[PDB]
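Structure file entry22.tsv; described as TSV, C-alpha atoms.
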chain	number	residue	atom	x	y	z
T	1	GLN	CA	-2.10	19.36	13.24
T	2	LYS	CA	-0.31	16.76	15.37
T	3	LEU	CA	0.40	15.13	12.02
T	4	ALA	CA	3.09	17.65	11.08
T	5	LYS	CA	5.96	15.37	12.05
T	6	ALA	CA	4.39	12.42	10.17
T	7	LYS	CA	6.33	10.77	7.33
T	8	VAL	CA	4.03	8.66	5.17
T	9	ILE	CA	5.24	5.93	2.84
T	10	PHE	CA	2.70	4.58	0.36
T	11	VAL	CA	3.44	0.97	-0.64
T	12	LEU	CA	2.21	-0.54	-3.91
T	13	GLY	CA	2.60	-4.06	-5.28
T	14	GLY	CA	0.47	-6.49	-7.26
T	15	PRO	CA	0.54	-10.30	-7.59
T	16	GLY	CA	4.12	-11.62	-7.49
T	17	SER	CA	5.59	-8.40	-6.07
T	18	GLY	CA	6.35	-9.85	-2.65
T	19	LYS	CA	5.46	-6.52	-1.03
T	20	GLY	CA	4.08	-8.25	2.06
T	21	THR	CA	7.46	-9.70	3.00
T	22	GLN	CA	9.25	-6.40	2.35
T	23	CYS	CA	6.81	-4.44	4.55
T	24	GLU	CA	7.34	-6.88	7.42
T	25	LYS	CA	11.11	-6.54	7.15
T	26	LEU	CA	10.91	-2.73	7.01
T	27	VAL	CA	8.78	-2.59	10.16
T	28	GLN	CA	11.21	-4.96	11.87
T	29	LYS	CA	14.30	-2.92	10.95
T	30	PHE	CA	12.91	0.61	11.21
T	31	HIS	CA	10.07	0.20	13.73
T	32	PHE	CA	7.64	1.82	11.27
T	33	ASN	CA	3.95	1.95	12.12
T	34	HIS	CA	2.17	-0.43	9.75
T	35	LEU	CA	-1.34	0.45	8.58
T	36	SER	CA	-3.72	-1.31	6.20
T	37	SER	CA	-7.33	-0.52	5.33
T	38	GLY	CA	-8.31	-4.15	5.90
T	39	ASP	CA	-7.00	-4.21	9.48
T	40	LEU	CA	-8.53	-0.82	10.29
T	41	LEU	CA	-11.94	-1.90	8.95
T	42	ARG	CA	-11.80	-5.13	10.95
T	43	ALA	CA	-11.00	-3.13	14.09
T	44	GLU	CA	-13.99	-0.85	13.49
T	45	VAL	CA	-16.31	-3.85	13.10
T	46	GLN	CA	-14.93	-5.28	16.37
T	47	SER	CA	-15.40	-1.91	18.13
T	48	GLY	CA	-19.10	-2.39	18.83
T	49	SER	CA	-19.90	1.09	17.49
T	50	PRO	CA	-23.06	1.71	15.43
T	51	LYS	CA	-20.78	2.64	12.52
T	52	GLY	CA	-18.95	-0.67	12.92
T	53	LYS	CA	-22.24	-2.54	12.84
T	54	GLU	CA	-23.30	-0.78	9.64
T	55	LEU	CA	-19.89	-1.44	8.09
T	56	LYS	CA	-20.35	-5.14	8.79
T	57	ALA	CA	-23.84	-5.17	7.26
T	58	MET	CA	-22.50	-3.34	4.19
T	59	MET	CA	-19.67	-5.85	3.83
T	60	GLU	CA	-22.15	-8.71	4.17
T	61	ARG	CA	-24.14	-7.33	1.21
T	62	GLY	CA	-20.97	-6.95	-0.85
T	63	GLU	CA	-21.36	-3.18	-0.80
T	64	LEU	CA	-18.40	-0.86	-1.29
T	65	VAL	CA	-16.95	0.91	1.74
T	66	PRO	CA	-16.70	4.64	0.93
T	67	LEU	CA	-13.22	6.17	0.67
T	68	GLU	CA	-14.20	8.72	3.33
T	69	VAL	CA	-14.65	5.92	5.89
T	70	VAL	CA	-11.21	4.40	5.23
T	71	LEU	CA	-9.65	7.86	5.21
T	72	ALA	CA	-11.11	8.73	8.62
T	73	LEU	CA	-9.87	5.42	10.05
T	74	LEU	CA	-6.36	6.07	8.71
T	75	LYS	CA	-6.29	9.59	10.15
T	76	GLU	CA	-7.58	8.34	13.49
T	77	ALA	CA	-4.93	5.63	13.65
T	78	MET	CA	-2.13	8.05	12.72
T	79	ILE	CA	-3.04	10.60	15.42
T	80	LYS	CA	-3.06	7.71	17.87
T	81	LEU	CA	0.40	6.41	16.87
T	82	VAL	CA	2.40	9.43	15.68
T	83	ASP	CA	4.36	9.74	18.94
T	84	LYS	CA	5.59	6.14	19.10
T	85	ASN	CA	7.02	6.62	15.61
T	86	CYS	CA	6.61	9.42	13.06
T	87	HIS	CA	6.80	7.02	10.09
T	88	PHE	CA	3.85	5.15	8.61
T	89	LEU	CA	3.89	2.40	6.02
T	90	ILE	CA	0.48	2.28	4.34
T	91	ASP	CA	0.21	-1.18	2.80
T	92	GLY	CA	-1.52	-1.35	-0.59
T	93	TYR	CA	-2.55	2.31	-0.67
T	94	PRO	CA	-3.42	4.28	-2.67
T	95	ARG	CA	-4.70	2.00	-5.44
T	96	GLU	CA	-6.37	4.89	-7.27
T	97	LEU	CA	-5.61	8.58	-7.86
T	98	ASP	CA	-8.54	9.94	-5.82
T	99	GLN	CA	-7.34	7.97	-2.79
T	100	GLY	CA	-3.89	9.55	-3.00
T	101	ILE	CA	-4.88	13.18	-3.51
T	102	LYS	CA	-7.64	13.15	-0.88
T	103	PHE	CA	-5.27	11.53	1.62
T	104	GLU	CA	-2.67	14.24	1.16
T	105	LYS	CA	-5.39	16.89	1.50
T	106	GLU	CA	-7.31	15.50	4.47
T	107	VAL	CA	-4.33	13.99	6.32
T	108	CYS	CA	-0.81	14.88	5.17
T	109	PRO	CA	1.35	14.77	2.01
T	110	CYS	CA	3.25	11.51	1.53
T	111	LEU	CA	7.02	11.29	1.83
T	112	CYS	CA	7.33	8.84	-1.05
T	113	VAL	CA	5.77	5.85	-2.80
T	114	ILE	CA	7.47	2.46	-2.99
T	115	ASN	CA	6.41	0.62	-6.12
T	116	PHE	CA	7.45	-3.04	-6.01
T	117	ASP	CA	7.44	-3.65	-9.75
T	118	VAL	CA	7.44	-7.02	-11.51
T	119	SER	CA	6.78	-7.94	-15.14
T	120	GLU	CA	4.03	-10.39	-16.07
T	121	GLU	CA	6.77	-12.87	-17.01
T	122	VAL	CA	8.35	-12.66	-13.54
T	123	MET	CA	4.96	-13.08	-11.84
T	124	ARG	CA	4.23	-16.19	-13.95
T	125	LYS	CA	7.62	-17.76	-13.17
T	126	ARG	CA	7.01	-17.00	-9.51
T	127	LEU	CA	3.37	-18.07	-8.96
T	128	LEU	CA	2.36	-20.30	-11.86
T	129	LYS	CA	3.37	-23.64	-13.39
T	130	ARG	CA	6.11	-23.67	-16.04
T	131	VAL	CA	-4.56	-25.47	-13.14
T	132	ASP	CA	-5.32	-23.38	-16.26
T	133	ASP	CA	-8.41	-21.45	-15.06
T	134	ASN	CA	-6.95	-20.59	-11.65
T	135	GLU	CA	-3.67	-19.42	-13.18
T	136	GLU	CA	-5.46	-17.28	-15.78
T	137	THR	CA	-7.48	-15.63	-13.00
T	138	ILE	CA	-4.20	-14.52	-11.40
T	139	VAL	CA	-2.88	-13.31	-14.77
T	140	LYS	CA	-6.03	-11.19	-15.17
T	141	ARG	CA	-5.71	-9.95	-11.58
T	142	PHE	CA	-2.14	-8.91	-12.40
T	143	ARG	CA	-3.21	-7.05	-15.55
T	144	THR	CA	-6.19	-5.48	-13.79
T	145	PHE	CA	-3.92	-4.22	-10.99
T	146	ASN	CA	-1.26	-2.97	-13.44
T	147	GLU	CA	-3.82	-0.96	-15.42
T	148	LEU	CA	-5.74	0.25	-12.36
T	149	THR	CA	-2.67	1.79	-10.72
T	150	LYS	CA	-1.16	3.46	-13.81
T	151	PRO	CA	-2.44	7.01	-13.26
T	152	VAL	CA	-1.63	7.02	-9.53
T	153	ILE	CA	1.94	5.87	-10.19
T	154	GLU	CA	2.39	8.41	-12.99
T	155	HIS	CA	1.00	11.18	-10.76
T	156	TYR	CA	3.61	10.67	-8.05
T	157	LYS	CA	6.37	9.88	-10.55
T	158	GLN	CA	5.99	13.39	-11.99
T	159	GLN	CA	6.61	14.75	-8.50
T	160	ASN	CA	9.77	12.65	-8.20
T	161	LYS	CA	8.28	10.76	-5.24
T	162	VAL	CA	8.17	7.19	-6.58
T	163	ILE	CA	10.77	4.61	-5.63
T	164	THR	CA	10.53	2.01	-8.39
T	165	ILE	CA	11.94	-1.25	-7.06
T	166	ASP	CA	12.85	-4.08	-9.42
T	167	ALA	CA	11.30	-6.92	-7.44
T	168	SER	CA	12.49	-9.70	-9.77
T	169	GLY	CA	15.51	-10.35	-7.55
T	170	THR	CA	15.81	-12.18	-4.22
T	171	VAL	CA	14.14	-11.05	-0.99
T	172	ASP	CA	17.48	-9.88	0.43
T	173	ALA	CA	18.53	-8.03	-2.74
T	174	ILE	CA	15.18	-6.25	-2.89
T	175	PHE	CA	15.37	-5.28	0.79
T	176	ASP	CA	18.90	-3.88	0.46
T	177	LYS	CA	17.87	-1.81	-2.58
T	178	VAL	CA	14.77	-0.47	-0.81
T	179	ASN	CA	16.87	0.69	2.13
T	180	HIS	CA	19.37	2.32	-0.23
T	181	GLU	CA	16.61	4.28	-1.97
T	182	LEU	CA	14.82	5.24	1.27
T	183	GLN	CA	18.04	6.96	2.37
T	184	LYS	CA	17.51	9.51	-0.40
T	185	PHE	CA	14.27	10.55	1.30
T	186	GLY	CA	16.03	10.95	4.64
T	187	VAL	CA	14.97	7.58	6.07
T	188	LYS	CA	17.83	5.61	7.64

Go through the file and emit its structure as C-alpha cells.
Amino acid sequence: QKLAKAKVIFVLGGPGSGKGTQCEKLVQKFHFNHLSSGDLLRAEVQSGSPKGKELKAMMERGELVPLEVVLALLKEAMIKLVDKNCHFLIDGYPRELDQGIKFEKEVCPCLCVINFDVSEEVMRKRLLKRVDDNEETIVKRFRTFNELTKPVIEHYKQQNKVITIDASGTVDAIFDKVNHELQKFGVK
C-alpha cells in the first residue's frame, strides 16, 4: 500500500479534556494532517455524489452512518494526503473497539493513542458552576463517554500504545507533556 509510511495517532478526549486545543497546537507545531469523521462526512455530502446524497438523507432521518462508510472516507483521505505529511491525527477516533481494530486491518496499524484524561471533578470545576439540568446533562455525557471508551483504551494500553495525559493542568503544561511523550514514539 501507499500507506506504509503512514504514522497514525488516535486522539481521545471527553468533556473537559481540552483535546480540541491540543490537536490544533500539534498540527501547528508538527504540520500533522488532521482528520475527523465529521469533516469527512460533510465533504462527502458537499461532493454531489449519489452516496453523498444518501448520506444526507440518512442524517436527516437521524439514522446511523455505518462504520464502513467512515472507514472508507478516512482511507481515501489518507491516500490523498500521505505525501504532504506521513503523520495523521485522527480526532475523536476510535470511540469503540470495533472502530480501532477494523481501522488497523483495513487501513494501517496506529502508532499510538493519546488519551487526554480528566477526572469528573476536574471537568466539573472546568465547565460547571461551583443551570442544574444542563450541567447534569454534561455530567452524564462525561460518564457515558468514560464508560463507552473503556475497552478501547484498555485494548491499546495492553499493547503499550496509549499515552495517558493528565489534562488537569494548563494548556501549555499539557502541550509540553504531550510532546515529551510523543518523542518516545519517534515523533519530534

*Coordinates-based distance that separates CA of residue 128 (chain T) from CA of residue 93 (chain T) (Å, one decimal)*: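 Separating CA of residue 93 (chain T) from CA of residue 128 (chain T) is a distance of 25.7 Å.
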
Residues within 10 Å of region 153-163 of chain T, only C-alpha atoms, excluding chain neighbours under 2 positions, as a CSV table (one decimal) with C-alpha atoms, keeping the file's coordinate frame:
chain,number,residue,atom,x,y,z
T,9,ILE,CA,5.2,5.9,2.8
T,10,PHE,CA,2.7,4.6,0.4
T,11,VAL,CA,3.4,1.0,-0.6
T,12,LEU,CA,2.2,-0.5,-3.9
T,94,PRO,CA,-3.4,4.3,-2.7
T,95,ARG,CA,-4.7,2.0,-5.4
T,96,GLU,CA,-6.4,4.9,-7.3
T,97,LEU,CA,-5.6,8.6,-7.9
T,100,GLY,CA,-3.9,9.6,-3.0
T,101,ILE,CA,-4.9,13.2,-3.5
T,110,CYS,CA,3.2,11.5,1.5
T,111,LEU,CA,7.0,11.3,1.8
T,112,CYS,CA,7.3,8.8,-1.0
T,113,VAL,CA,5.8,5.8,-2.8
T,114,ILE,CA,7.5,2.5,-3.0
T,115,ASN,CA,6.4,0.6,-6.1
T,116,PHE,CA,7.4,-3.0,-6.0
T,117,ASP,CA,7.4,-3.6,-9.8
T,146,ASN,CA,-1.3,-3.0,-13.4
T,148,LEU,CA,-5.7,0.2,-12.4
T,149,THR,CA,-2.7,1.8,-10.7
T,150,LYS,CA,-1.2,3.5,-13.8
T,151,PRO,CA,-2.4,7.0,-13.3
T,165,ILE,CA,11.9,-1.2,-7.1
T,166,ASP,CA,12.8,-4.1,-9.4
T,178,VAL,CA,14.8,-0.5,-0.8
T,181,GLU,CA,16.6,4.3,-2.0
T,182,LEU,CA,14.8,5.2,1.3
T,184,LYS,CA,17.5,9.5,-0.4
T,185,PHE,CA,14.3,10.6,1.3

*Out of T:23, T:35, T:82, T:72, which residue has the shortest atom-to-atom distance to residue 2 (chain T) when counting only C-alpha atoms?*
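Closest to residue 2 (chain T), using only C-alpha atoms: T:82.
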
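CA of residue 99 (chain T) to CA of residue 71 (chain T) spans 8.3 Å [interatomic distance, one decimal].
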
*Could you work out how far CA of residue 74 (chain T) lies from CA of residue 103 (chain T), giving the answer in Å with one decimal?*
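Separation of CA of residue 103 (chain T) and CA of residue 74 (chain T): 9.0 Å.
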
*Which of these, T:70, T:15, T:1, T:84, has the shortest distance to residue 135 (chain T) once you count only C-alpha atoms?*
T:15

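Minimum atom-to-atom distances from T:69, T:40, T:106, T:167 to residue 54 (chain T) were compared using only C-alpha atoms, and the lowest value belongs to T:69.
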
_Residue with smallest distance to residue 17 (chain T) - pool T:120, T:147, T:132, T:60, counting all atoms listed in the file_ =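 Among T:120, T:147, T:132, T:60, it is T:120 that comes nearest to residue 17 (chain T).
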
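Closest to residue 56 (chain T) among T:68, T:43, T:21, T:75 is T:43, based on all atoms listed in the file.
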